[PDB]
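For the record, the sequence lines run as chains A, B and C. Each residue of the first sequence is one higher than the last, beginning at 1 in this note's numbering. Each residue of the second sequence is one higher than the last, beginning at 1 in this note's numbering. Each residue of the third sequence is one higher than the last, beginning at 1 in this note's numbering. Contents: one structure, followed by commentary.
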Amino acid sequence: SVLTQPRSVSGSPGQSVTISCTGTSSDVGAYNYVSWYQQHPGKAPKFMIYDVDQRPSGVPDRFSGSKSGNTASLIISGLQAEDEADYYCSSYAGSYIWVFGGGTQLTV
Amino acid sequence: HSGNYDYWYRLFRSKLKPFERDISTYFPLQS
Amino acid sequence: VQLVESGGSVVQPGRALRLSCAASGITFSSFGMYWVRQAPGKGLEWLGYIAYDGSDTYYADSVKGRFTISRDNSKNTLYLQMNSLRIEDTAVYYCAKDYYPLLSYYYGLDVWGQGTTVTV
């Protein structure tokens with residue numbers, strides 16, 4: 001039960017890119033607990049987006065997202081040269097089980 | 001884990017006679 | 001409250017290896033523990049979840065019956081012991097703490113370690 005996401009998403013400084021992962025109505029479309037994190041090589045992923053459309057303190061406002069049906073996406077605008085990272089999506093699969101997505105790489 | 005929805009049942013009608021099948025589809029059939 | 005992981009080593013298949021991480025402060029018992037594995041060249045894979053008190057413990061399907069999740073609040077260390085590790089079960093294991101105190105699970109991982117690599 002892995003949420004499929006594209007291998008990489010093209011981008012450039014000063015533009016906006018969207019990283020989306022696809023699941024099912026049993027996991028993505030059942031609980032509104034979609035979370036997304038940005039992972040840098042050589043370091044553990046950092047939690048950036050939680051509760052579909054919420055972000056913890058310390059997360060820049062440029063990173064956002066939305067949930068529609070069984071598809072969840074991360075919305076990033078105004079990306080900089082240091083924003084290149086691997087983005088993972090996580091959602092509650094039910095029965096207190098958490099399943100993480102495949103992961104998408106953001107290239108600037 | 002996802003949940004089996006292929007197994008339905010009839011919730012609304014008046015009553016079913018003995019050994020009678022109701023192949024007839026609010027929505028009376030709920031999965 | 002940084003988490004420092006330890007116990008990573010390369011062992012032959014069929015043996016049991018236990019991984020643990022040390023959490024700073026004295027808030028280890030007041031926050032839940034989560035285990036996440038990341039294979040080289042692959043995406044993040046969940047291992048399981050353990051409550052702050054260690055009563056209700058959850059495990060992922062791929063690691064059910066192979067990895068055990070438990071915590072020792074005396075030394076503020078959360079451990080994840082994996083038995084009968086396979087060759088394909090080679091990944092960097094990192095422990096994480098729940099964002100909210102005790103068991104909430106309705107958030108992301110606020111604190112994660114530097115990662116402990118596992119080879120077989």
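Note that beta-carbon positions come from the ideal geometry of N, C-alpha and C, so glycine has one too.
| query | result |
| --- | --- |
| Near-chain B residues of the stretch 80-103 of chain A - C-beta to any C-beta below 9 Å | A93, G94, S95, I97 |
| Spatial distance of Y92 (chain A) from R10 (chain B) (CA atoms) | 31 Å |
| Cβ contact check for the stretch 60-72 of chain C and the stretch 12-25 of chain B: 3 or more pairs under 8 Å | no |
| Cβ-based burial, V11 (chain C) [other Cβ within 10 Å; buried from 16] | exposed |
| Contact belief for residue 121 (chain C) with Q81 (chain C) at Cβ below 8 Å, rounded distance in angstroms | Missing from the structure shown is residue 121 (chain C); chain C here goes from 1 to 120 and no further. |
| Between the CA atoms of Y105 (chain C) and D61 (chain C) - distance to the nearest angstrom | 18 Å |
| Cα-Cα separation between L3 (chain A) and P18 (chain B), rounded to whole angstroms | 48 Å |
| Cβ-based contacts, 7 Å cut-off: residues of the stretch 2-29 of chain B near chain A | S2, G3 |
| Cβ-Cβ distance between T22 (chain A) and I76 (chain A) below 9 Å | no |
| Neighbour list for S35 (chain A) in chain C, Cβ cutoff strictly below 7 Å | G108 |
| Burial state of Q15 (chain A) (16 or more Cβ within 10 Å) | exposed |
| Cβ pair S9 (chain C), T119 (chain C) closer than 9 Å | yes |
| Extent of the continuous beta strand (DSSP E) to which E5 (chain C) belongs | 3-6 |
| Host beta strand (DSSP E) of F100 (chain A) (start-end) | 97-100 |
| 9 Å Cβ cutoff, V36 (chain C) in contact with chain A | yes |
| Chain A contacts made by the stretch 58-76 of chain C, where a contact means CB separation under 8 Å | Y58, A60, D61 |
| N-terminal and C-terminal residue of the beta strand (DSSP E) that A72 (chain A) is part of | 71-77 |
| Near-chain C residues of the stretch 52-82 of chain A (beta-carbon distance less than 8 Å), N- to C-terminal order | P56 |
| Cβ shell of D86 (chain A) (< 6 Å), same chain only, five flanking positions each side left out | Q39, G103, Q105 |
| Residue burial classification, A81 (chain A) (beta-carbon count within 10 angstroms, cutoff 16) | exposed |
| Closest residue to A51 (chain C) among C:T117, C:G115, C:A96, C:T116 (Cα-Cα distance) | C:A96 |
| Cβ pair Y37 (chain A), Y88 (chain A) closer than 9 Å | yes |
| Cβ of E45 (chain C) within 9 Å of any chain A Cβ | yes |
| 8 Å contact criterion, which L102 (chain C) and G54 (chain C) should meet: CB distance rounded | Between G54 (chain C) and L102 (chain C) the Cβ distance is about 11 Å, and since that is not below 8 Å, they are no contact. |
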